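Structure first, then comments.
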Amino acid sequence: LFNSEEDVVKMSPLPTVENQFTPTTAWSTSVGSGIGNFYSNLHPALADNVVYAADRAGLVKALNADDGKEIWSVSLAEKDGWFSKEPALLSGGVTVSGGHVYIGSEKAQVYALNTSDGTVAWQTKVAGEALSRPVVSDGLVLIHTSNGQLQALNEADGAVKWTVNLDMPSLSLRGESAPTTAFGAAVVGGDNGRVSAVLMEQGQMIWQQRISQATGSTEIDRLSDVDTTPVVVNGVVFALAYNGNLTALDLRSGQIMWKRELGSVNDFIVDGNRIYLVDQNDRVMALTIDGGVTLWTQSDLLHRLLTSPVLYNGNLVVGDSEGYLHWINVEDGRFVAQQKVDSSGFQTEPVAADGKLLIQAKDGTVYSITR
Amino acid sequence: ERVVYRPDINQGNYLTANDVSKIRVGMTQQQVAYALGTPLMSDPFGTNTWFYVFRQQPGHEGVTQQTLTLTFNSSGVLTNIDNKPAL
Amino acid sequence: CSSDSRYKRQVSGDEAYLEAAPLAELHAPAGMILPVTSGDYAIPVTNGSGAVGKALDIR
Amino acid sequence: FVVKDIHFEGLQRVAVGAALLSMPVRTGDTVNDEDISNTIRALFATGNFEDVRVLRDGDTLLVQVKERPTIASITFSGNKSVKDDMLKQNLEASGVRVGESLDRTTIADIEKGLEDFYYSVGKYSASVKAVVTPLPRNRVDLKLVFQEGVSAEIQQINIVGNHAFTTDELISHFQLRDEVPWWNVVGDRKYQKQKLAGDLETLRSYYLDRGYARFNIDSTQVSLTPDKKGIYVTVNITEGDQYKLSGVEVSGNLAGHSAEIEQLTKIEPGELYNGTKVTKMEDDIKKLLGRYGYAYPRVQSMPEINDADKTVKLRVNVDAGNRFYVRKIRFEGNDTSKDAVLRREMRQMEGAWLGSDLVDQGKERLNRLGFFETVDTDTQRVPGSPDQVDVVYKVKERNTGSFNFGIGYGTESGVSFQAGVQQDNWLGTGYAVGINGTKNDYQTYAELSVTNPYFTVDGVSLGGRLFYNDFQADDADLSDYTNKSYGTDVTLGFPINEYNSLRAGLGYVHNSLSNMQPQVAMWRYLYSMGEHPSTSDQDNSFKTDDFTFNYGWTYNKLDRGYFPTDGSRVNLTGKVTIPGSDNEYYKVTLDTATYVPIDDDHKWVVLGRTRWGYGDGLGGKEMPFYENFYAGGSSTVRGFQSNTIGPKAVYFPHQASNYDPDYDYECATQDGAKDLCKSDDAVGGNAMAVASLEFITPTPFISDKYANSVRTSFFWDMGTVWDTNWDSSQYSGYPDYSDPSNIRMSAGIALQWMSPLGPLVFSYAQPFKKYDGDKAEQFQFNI
Amino acid sequence: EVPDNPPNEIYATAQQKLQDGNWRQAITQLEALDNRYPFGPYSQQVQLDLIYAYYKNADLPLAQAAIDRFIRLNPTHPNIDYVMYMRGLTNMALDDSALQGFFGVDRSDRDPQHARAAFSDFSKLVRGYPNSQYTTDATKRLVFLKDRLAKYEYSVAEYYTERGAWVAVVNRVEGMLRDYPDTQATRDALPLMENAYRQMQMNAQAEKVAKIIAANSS
């Protein structure tokens, strides 16, 4: 009966599968799930020839980022507990700050995991785990946590610096409202449609600003994935509302330079004056910083299960949870290359770092991609 | 009859002996009603006489009764307390 | 349409509610005047109008 | 200007002067072009005028209006399992319905609200699309198009602030489902925030019992996962600590019954805090003092949480109230029957104190009534007086009406017709009459019994059954075992308690066996009576007048009178005889039906119906074989046909019937099978042991409106009838029917529909261990 | 299954499917007017034949539903007297209108929970409308419905004489007593509460209620 009951919405799959820079992987190291069906903040890292990627239940794996071959392992699957061996279940992405790799479990346990071997250099449980990747900077571990609490910890023992409630939504409205740090203030948005700024070195609100609508009397969408962590250029700060409603505003006051309160725009990088975006229906678009004025758009991957866009090999690089990788022009605006390097597929970030291109699929995690 | 078990005659609506100590001739109806409230029987045609009468058959060993009537005047003030037993 | 050549403008079961007389009221002894009138029995009598029961017009 | 006339164009559903009364430009008013423009917006502010075009010719107005009533259709298109009117209530929450007005400016907002309706239930994945057509002379439409994709599906709960207990073990205690295994499919995994709140209180009780007086829930947060389905949950709790229930400090208006209370509040001091049992024990006094007269036993417990030793101290604070509440009762609606039998099952009587429990025992034989579609109550306290209440029992009565008939074997044999009608003490008498009479070409019948079960005060229910039978076996008029019995018998009921209902009586079982068929265990009873007949003819004759004497014990302890679920009821009937009978025997059969629920809402409840037996004499006699026990094709037995499980009618070589035509009546007859043949008929035994275990199961498609007597039931009927006196001396080639391990096994299903024409049970059954001489009927259409 | 007509035409189909006799057709065009045309000034008259023709297939309470459709939607009308009389008449036939009493046993034990409300309606008819065509006939109903509750209560007074709450004997009489001074049932339960007094040894209070009986011998 139920193999035919559902009125699901069709994606525009992939017009113009391209290869002008003929894309291919440099290895295939499926470390493993990873993601699967389990939606998590855990995103890989491509750094120092040490693949700081992880699985959600099992072994910590450092791979050499030249071949995908393993440098070391531990397993921070917590060896016993209530039942046994306690799958990792990370509430945060991979944060590697110094010799400590700060990844927060959904046991609210972030650990100063050694870049050397994975030793917990110190451990700390927090007041509820994270909806963001834990922002470890400036002597602090700024964690946008699930209870709306911005629980800044020490990065030396986990001594909790300050813990205040953020722009808290009606439930866990899932959004990475990670406080990016700039000019002394930690700018944190909020999963309740508003935005804010907070003095980073003491946890004190510079301002908190309502932007747009959210759940509760003006309810918003359930399927869209909004980057509520701003890519912060100089104090004209460019940030989304939680229903993707972009707004250019001051850091120190929040005064709106311009805004894109017109849609649940998904993900973004600030390319100087080329604001590249993903629409809520997974329609790609370029915009500018002087007003969101379009350079180009793309509806080839409409409703496709895309990741956040990155810029590498002079093209907009992105993955999807169908395991396709896409290369769209910096300018207009269609496919320059396309690679379906996976089929389990990417929910986490395509890491256009290290002069390379690392990913994490649902099981087919660690490949480095070339063109 | 020569029967061992019998479904009973039953009632309640009575007073404890403390409630008989709660009452005295000269009390108002209200003075009864502050402690014993309204009766389940008052006197409609004549005076303000209250009643708290109890009945019981204990399964064919006879049938018993407690007739607790409370004779009042017209002024609502207690005039006679007849706590009449069974039979 | 279907009956014992009956049952079109009439009552099912029995019609006991018309054929009786008013209830034979009582003449109380002197002094024993209970409030037996104490019910809701504001039933005022007036000679208007119309028939009774089955014979009463039903448009 | 001052207007001469106003033109009211196009209204057709609302009154025309209602447009004038709403007009501030009315006739006789100084009417200006500002108020003309004000009439445009204000009749738009009526919401009913699809356009308001106020103009005037110098002074005489024309307000040319299209109207936007009548909303004629609100078409709900796309909601497959979602019923249409629950969206219409949100449409009604917008002030919009059939007959209203349809302002097409406000489309998407209530579309957002109906998506907010879709949001709230467990979906969001549906657009809505209001389609409006105009219709004759005014009317407008609302076709609403639903894009019903998917719902919010439970992914995960996380209980943060929990320290000792697994999240997953609480899932097994919970109602929110993130787990249905493929070999444990026992449910479905969807959201509702009340299953949230209940599982909070499940956990709240789950920490109330273990000790955690310091337990609280901080909050909980569903991950609004970006997939329009994903429900990952954090549950912010504060487990606190296993504190100790170390003393009960009961106090208040204790009314001199604290020992009765302390019987309830027997705790262990130093026991870990179990406020769940306190939550029970706090109720128990409100039964107990509610029994004691106190209609409002205002009771406040307090766990005085003593953190100094991590204990709690159970303060209780009691306000008792008044006692003598039961002044009078009201009923509601027994329009087929009597109130006084409902009053005689309402033993809560007036001129008493409040037995709150005694109120409810009045409803137990209302529950043992059978004529109840609910036993349901309105308890109105008579105001101004705490000695006065008037409970107005608002119920739903149960329905009547049934007739059925069977067919065959007629229209080739003589005219077979059976009479008898049923309307249930007859449609509300309390004093019932049982009537039968029928005839085929072989018999003429006259059957009567009268019953007054409800003249009495005890619970005595006598039935004296009188009968004349013309049993003839009109083959020629003979030739196939006549068995005639006419006279009188009695059965009974009673109290010893109000559960007890003593069934007993007298008998005149005047059995005149003539022209008997030669099966051997027919002569099992006839060896005790001393007949020396012809062993191969059917002219033989045996006459007894079994002056039988019934006694038993009906411990009528079964929940409902139509659908019971707990307890242990007997409905027993048997007989022994005294010096004075033709047969100094005993006939005992026994039934056993204990009901205990596993499902506490009782949708899953066992159903018992077995039949036992052990029959013999008090020295020198035996139970007769027309009173033998016949199993298969019956209530307790399925899988075998009518009168099949048992000891067997093992025929002798029938050679003469005194009528046997050209090759008929195969009773191991002369005309075929001239032999001592164990044939296909069960003679029955003196020791029965047969059973059926059945089960209450609901259906997730049958409407609850009438499902109180719709049920699916399953069985495995296991057992045999044996005969402790079935001798192996004559039965050399015939099986040992004295063994309890002749155990026939048949298993199957009942598929019951509430048919308003009587019980129609079409039962499927499979005789896996189908013993000797048993027939098979897998599609049994028997009862 | 009925389409739209001119607004003066559906009256005839209401009028003449009322003249069919198969009762599943009459309401079918009675209702077919006021749905398409509720704005007619005669739609409340359509209710008058509706409450009328609702009775016919033992489908009663839509009459009471259409009785209140006359009331609240329409403030000023004299035909509430019909609506008030059909109110109790709907309220009565729920109690005792079956033909199961065809063999010599009537139905006062059958509980008049709605013919409780029939007394409410007929009391408001005789006070709401004095000279209307239904005031006299409802007054005939107000006589017995009082006693219809009485013998119902007297059955309980018999039942309390049966079971033995002799206090609850006299109250079941007293509930019958204080409301109405007219029934013969008031006369005959008057020794039973006094038989209750005689069993409760209130023989004088029995005699005092027999003193009430004494002048009531008329």
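In the structure tokens, each chain is lettered A, B, ... as it comes, each chain's residues begin at 1, and ligands are numbered from 1 in order of appearance.
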
Fewer than 6 positions away in the same chain doesn't count, so skip those; otherwise give me all residues within 6 Å of segment 524-541 of chain D, counting only C-alpha atoms, as a PyMOL selection string. chain D and resi 479+513-517+621+624+654-657

Could the residues in this selection be saved with C-alpha atoms as an mmCIF file, in the first residue's frame?
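Generated output (result_14.cif):
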data_model
loop_
_atom_site.group_PDB
_atom_site.id
_atom_site.type_symbol
_atom_site.label_atom_id
_atom_site.label_comp_id
_atom_site.auth_asym_id
_atom_site.auth_seq_id
_atom_site.Cartn_x
_atom_site.Cartn_y
_atom_site.Cartn_z
ATOM 1 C CA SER D 479 -36.469 -48.008 11.763
ATOM 2 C CA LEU D 513 -36.352 -45.509 23.751
ATOM 3 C CA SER D 514 -38.203 -47.596 21.226
ATOM 4 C CA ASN D 515 -37.039 -49.170 17.967
ATOM 5 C CA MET D 516 -33.436 -48.464 18.780
ATOM 6 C CA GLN D 517 -30.546 -48.434 16.306
ATOM 7 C CA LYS D 621 -25.842 -46.985 37.770
ATOM 8 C CA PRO D 624 -27.442 -41.821 30.301
ATOM 9 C CA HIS D 654 -27.847 -53.947 11.696
ATOM 10 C CA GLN D 655 -29.813 -56.526 9.718
ATOM 11 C CA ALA D 656 -33.402 -55.531 10.412
ATOM 12 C CA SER D 657 -35.100 -52.239 11.119
#

Give me every alpha helix (DSSP H) residue in segment 498-711 of chain D, going by DSSP on the backbone, as a PyMOL selection string. chain D and resi 523-529

Tell me which protein, DNA and RNA residues are within 12 Å of segment 1-9 of chain C, counting only C-alpha atoms, leaving out same-chain ones fewer than 6 positions away, and put them as an MDAnalysis selection string. (chainID C and resid 53:59) or (chainID E and resid 17:26 52:58)

Selected residues written out, N, CA, C and O atoms, as an mmCIF file, in the first residue's frame:
data_model
loop_
_atom_site.group_PDB
_atom_site.id
_atom_site.type_symbol
_atom_site.label_atom_id
_atom_site.label_comp_id
_atom_site.auth_asym_id
_atom_site.auth_seq_id
_atom_site.Cartn_x
_atom_site.Cartn_y
_atom_site.Cartn_z
ATOM 1 N N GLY C 53 -54.352 17.227 19.879
ATOM 2 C CA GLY C 53 -53.709 15.953 19.605
ATOM 3 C C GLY C 53 -53.648 15.595 18.145
ATOM 4 O O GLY C 53 -53.089 16.323 17.318
ATOM 5 N N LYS C 54 -54.221 14.436 17.827
ATOM 6 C CA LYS C 54 -54.263 13.979 16.447
ATOM 7 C C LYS C 54 -55.178 14.855 15.606
ATOM 8 O O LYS C 54 -54.903 15.090 14.425
ATOM 9 N N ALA C 55 -56.258 15.366 16.207
ATOM 10 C CA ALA C 55 -57.229 16.180 15.482
ATOM 11 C C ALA C 55 -56.764 17.617 15.289
ATOM 12 O O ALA C 55 -57.395 18.368 14.537
ATOM 13 N N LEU C 56 -55.688 18.014 15.947
ATOM 14 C CA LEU C 56 -55.190 19.378 15.884
ATOM 15 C C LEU C 56 -54.455 19.596 14.565
ATOM 16 O O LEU C 56 -53.780 18.691 14.064
ATOM 17 N N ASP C 57 -54.639 20.782 13.989
ATOM 18 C CA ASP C 57 -54.103 21.110 12.675
ATOM 19 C C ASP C 57 -52.580 21.184 12.742
ATOM 20 O O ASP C 57 -52.020 21.645 13.736
ATOM 21 N N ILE C 58 -51.901 20.706 11.699
ATOM 22 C CA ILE C 58 -50.459 20.502 11.783
ATOM 23 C C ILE C 58 -49.743 20.987 10.501
ATOM 24 O O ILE C 58 -48.797 20.374 10.013
ATOM 25 N N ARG C 59 -50.162 22.129 9.971
ATOM 26 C CA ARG C 59 -49.527 22.720 8.795
ATOM 27 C C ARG C 59 -48.182 23.379 9.115
ATOM 28 O O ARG C 59 -47.683 23.373 10.239
ATOM 29 N N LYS E 17 -43.749 16.592 -2.966
ATOM 30 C CA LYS E 17 -43.091 15.386 -2.461
ATOM 31 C C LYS E 17 -43.478 15.124 -1.020
ATOM 32 O O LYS E 17 -43.343 13.996 -0.533
ATOM 33 N N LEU E 18 -43.992 16.147 -0.341
ATOM 34 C CA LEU E 18 -44.762 15.919 0.868
ATOM 35 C C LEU E 18 -46.051 15.164 0.584
ATOM 36 O O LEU E 18 -46.598 14.515 1.480
ATOM 37 N N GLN E 19 -46.553 15.241 -0.647
ATOM 38 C CA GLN E 19 -47.781 14.539 -0.993
ATOM 39 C C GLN E 19 -47.494 13.164 -1.590
ATOM 40 O O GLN E 19 -48.387 12.539 -2.174
ATOM 41 N N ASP E 20 -46.252 12.683 -1.479
ATOM 42 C CA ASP E 20 -45.916 11.391 -2.077
ATOM 43 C C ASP E 20 -46.327 10.228 -1.180
ATOM 44 O O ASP E 20 -46.890 9.237 -1.657
ATOM 45 N N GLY E 21 -46.041 10.320 0.115
ATOM 46 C CA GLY E 21 -46.325 9.240 1.036
ATOM 47 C C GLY E 21 -45.152 8.342 1.355
ATOM 48 O O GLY E 21 -45.036 7.895 2.502
ATOM 49 N N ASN E 22 -44.285 8.055 0.386
ATOM 50 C CA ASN E 22 -42.991 7.451 0.686
ATOM 51 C C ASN E 22 -42.201 8.572 1.344
ATOM 52 O O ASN E 22 -41.993 9.639 0.766
ATOM 53 N N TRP E 23 -41.824 8.359 2.604
ATOM 54 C CA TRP E 23 -41.407 9.478 3.442
ATOM 55 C C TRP E 23 -39.948 9.852 3.230
ATOM 56 O O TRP E 23 -39.475 10.860 3.768
ATOM 57 N N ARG E 24 -39.225 9.077 2.424
ATOM 58 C CA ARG E 24 -37.840 9.426 2.131
ATOM 59 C C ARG E 24 -37.744 10.422 0.970
ATOM 60 O O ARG E 24 -36.643 10.717 0.490
ATOM 61 N N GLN E 25 -38.885 10.951 0.505
ATOM 62 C CA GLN E 25 -38.869 11.896 -0.610
ATOM 63 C C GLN E 25 -39.331 13.287 -0.178
ATOM 64 O O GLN E 25 -39.045 14.279 -0.860
ATOM 65 N N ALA E 26 -40.041 13.380 0.949
ATOM 66 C CA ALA E 26 -40.725 14.622 1.303
ATOM 67 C C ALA E 26 -39.748 15.699 1.741
ATOM 68 O O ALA E 26 -39.771 16.816 1.219
ATOM 69 N N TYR E 52 -42.732 19.506 10.799
ATOM 70 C CA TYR E 52 -43.817 18.602 10.466
ATOM 71 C C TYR E 52 -43.325 17.303 9.842
ATOM 72 O O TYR E 52 -43.571 16.232 10.388
ATOM 73 N N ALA E 53 -42.642 17.358 8.700
ATOM 74 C CA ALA E 53 -42.411 16.110 7.977
ATOM 75 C C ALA E 53 -41.202 15.342 8.511
ATOM 76 O O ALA E 53 -40.880 14.264 8.002
ATOM 77 N N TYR E 54 -40.522 15.867 9.538
ATOM 78 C CA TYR E 54 -39.398 15.149 10.140
ATOM 79 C C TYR E 54 -39.843 13.902 10.899
ATOM 80 O O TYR E 54 -39.058 12.965 11.059
ATOM 81 N N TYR E 55 -41.112 13.839 11.309
ATOM 82 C CA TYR E 55 -41.535 12.808 12.255
ATOM 83 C C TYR E 55 -41.652 11.440 11.589
ATOM 84 O O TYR E 55 -41.614 10.404 12.264
ATOM 85 N N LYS E 56 -41.720 11.412 10.259
ATOM 86 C CA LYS E 56 -42.509 10.380 9.595
ATOM 87 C C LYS E 56 -41.812 9.022 9.538
ATOM 88 O O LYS E 56 -42.481 7.994 9.677
ATOM 89 N N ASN E 57 -40.491 8.979 9.345
ATOM 90 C CA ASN E 57 -39.764 7.712 9.281
ATOM 91 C C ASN E 57 -39.070 7.368 10.596
ATOM 92 O O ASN E 57 -37.990 6.764 10.578
ATOM 93 N N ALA E 58 -39.675 7.752 11.728
ATOM 94 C CA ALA E 58 -39.106 7.689 13.079
ATOM 95 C C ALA E 58 -37.776 8.433 13.186
ATOM 96 O O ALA E 58 -36.890 8.023 13.940
#

Can you pull out the residues contacting residue 1 of chain E? Cut-off 10 Å, using only C-alpha atoms, and skip same-chain residues under 2 positions away; I want them as a list in words.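 Contacts, with the query itself left out: residues 3, 28 and 32 of chain E.
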
Within 7 Å of chain E, which residues of chain C are there when counting only C-alpha atoms? Please give them as a ChimeraX atom specification. /C:1,12-14,17-18,22-29,32,35-39,43-44,46-53,59

Give me the residues near residue 12 of chain B as a PyMOL selection string, where near means some atom within 6 Å (using only C-alpha atoms) and where sequence neighbours in that chain fewer than 2 positions away do not count. (chain B and resi 14+54) or (chain D and resi 351-352)

What are the closest atom pairs, with distances in Å to one decimal, for all residues of chain E lying within 10 Å of chain B? Consider only C-alpha atoms, order rows by chain and residue number, and present the result as CSV.
residue,atom,partner,partner_atom,distance
E:160,CA,B:9,CA,9.5
E:161,CA,B:9,CA,9.8
E:162,CA,B:9,CA,8.8
E:163,CA,B:9,CA,5.8
E:164,CA,B:9,CA,4.5
E:165,CA,B:11,CA,5.2
E:166,CA,B:55,CA,7.0
E:167,CA,B:53,CA,6.7
E:168,CA,B:11,CA,8.3
E:170,CA,B:41,CA,8.6
E:171,CA,B:41,CA,7.7
E:174,CA,B:41,CA,9.2
E:177,CA,B:44,CA,10.0
E:178,CA,B:44,CA,8.6
E:197,CA,B:67,CA,9.4
E:198,CA,B:87,CA,9.7
E:199,CA,B:87,CA,8.1
E:200,CA,B:65,CA,6.1
E:201,CA,B:87,CA,6.2
E:202,CA,B:67,CA,7.6
E:205,CA,B:43,CA,9.9
E:208,CA,B:45,CA,9.5
E:209,CA,B:45,CA,9.5
E:212,CA,B:45,CA,9.3

As a ChimeraX atom specification, please: all residues of segment 9-83 of chain B that backbone DSSP puts in strand (DSSP E). /B:50-56,64-72,78-83

Could you give me, as CSV, a per-residue list for chain D showing, wherever an atom lies at most 8 Å from an atom of chain B, the closest pair of atoms and their distance in Å to one decimal, using only C-alpha atoms and sorting by chain then residue number from low to high?
residue,atom,partner,partner_atom,distance
D:324,CA,B:13,CA,6.0
D:327,CA,B:40,CA,6.4
D:349,CA,B:11,CA,6.9
D:350,CA,B:11,CA,7.0
D:351,CA,B:13,CA,4.7
D:352,CA,B:12,CA,3.7
D:353,CA,B:12,CA,6.1
D:385,CA,B:38,CA,6.6
D:386,CA,B:37,CA,7.2
D:387,CA,B:38,CA,6.3
D:388,CA,B:40,CA,7.9
D:457,CA,B:7,CA,6.9
D:458,CA,B:7,CA,5.5
D:496,CA,B:5,CA,6.5

Writer output for current selection, C-alpha atoms, as a PDB file, in the first residue's frame:
ATOM      1  CA  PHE D 324     -24.731  12.444  54.261  1.00  0.00           C
ATOM      2  CA  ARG D 327     -30.367  12.515  48.995  1.00  0.00           C
ATOM      3  CA  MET D 349     -29.818   4.300  48.000  1.00  0.00           C
ATOM      4  CA  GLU D 350     -30.910   7.618  49.397  1.00  0.00           C
ATOM      5  CA  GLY D 351     -31.113   8.674  52.988  1.00  0.00           C
ATOM      6  CA  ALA D 352     -27.459   7.771  53.372  1.00  0.00           C
ATOM      7  CA  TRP D 353     -23.958   9.120  53.262  1.00  0.00           C
ATOM      8  CA  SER D 385     -26.227  21.971  50.800  1.00  0.00           C
ATOM      9  CA  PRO D 386     -23.443  19.395  51.322  1.00  0.00           C
ATOM     10  CA  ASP D 387     -25.992  16.754  52.283  1.00  0.00           C
ATOM     11  CA  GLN D 388     -27.717  16.939  48.902  1.00  0.00           C
ATOM     12  CA  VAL D 457     -35.471  -8.700  46.041  1.00  0.00           C
ATOM     13  CA  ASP D 458     -32.801 -11.396  46.231  1.00  0.00           C
ATOM     14  CA  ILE D 496     -25.378 -15.862  47.763  1.00  0.00           C
TER      15      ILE D 496
END

Please report, as a tab-separated table, each residue of chain D lying at most 9 Å from chain A, together with the nearest pair of atoms and the separation in Å rounded to one decimal; use only C-alpha atoms, and order rows by chain and ascending residue number.
residue	atom	partner	partner_atom	distance
D:80	CA	A:5	CA	8.9
D:112	CA	A:219	CA	8.2
D:116	CA	A:219	CA	7.2
D:119	CA	A:219	CA	8.6
D:124	CA	A:222	CA	7.1
D:125	CA	A:8	CA	8.1
D:126	CA	A:7	CA	8.3
D:147	CA	A:7	CA	6.3
D:148	CA	A:7	CA	5.3
D:149	CA	A:7	CA	3.8
D:150	CA	A:6	CA	6.1
D:155	CA	A:38	CA	8.5
D:158	CA	A:106	CA	8.0
D:160	CA	A:128	CA	6.6
D:161	CA	A:128	CA	8.1
D:163	CA	A:82	CA	8.4
D:164	CA	A:82	CA	6.9
D:165	CA	A:82	CA	6.7
D:166	CA	A:82	CA	5.7
D:167	CA	A:82	CA	8.9
D:219	CA	A:147	CA	8.3
D:220	CA	A:171	CA	7.4
D:221	CA	A:171	CA	4.5
D:222	CA	A:172	CA	5.1
D:223	CA	A:172	CA	4.5
D:224	CA	A:173	CA	4.6
D:225	CA	A:174	CA	5.7
D:226	CA	A:223	CA	3.8
D:227	CA	A:223	CA	4.0
D:228	CA	A:223	CA	4.3
D:229	CA	A:223	CA	7.7
D:230	CA	A:223	CA	8.7
D:232	CA	A:172	CA	8.8
D:233	CA	A:172	CA	7.9
D:234	CA	A:146	CA	7.8
D:236	CA	A:128	CA	7.5

Considering only C-alpha atoms, return as a list in words whatever protein or nucleic-acid residues lie within 8 Å of residue 71 of chain B, sequence-local ones (same chain, fewer than 2 positions apart) excluded. residues 47, 48, 49, 50, 69, 73, 78, 79, 80, 81 and 82 of chain B

Atom CA of residue 320 of chain A to atom CA of residue 68 of chain A, straight-line distance in Å: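 Between atom CA of residue 68 of chain A and atom CA of residue 320 of chain A the gap is 20.9 Å.
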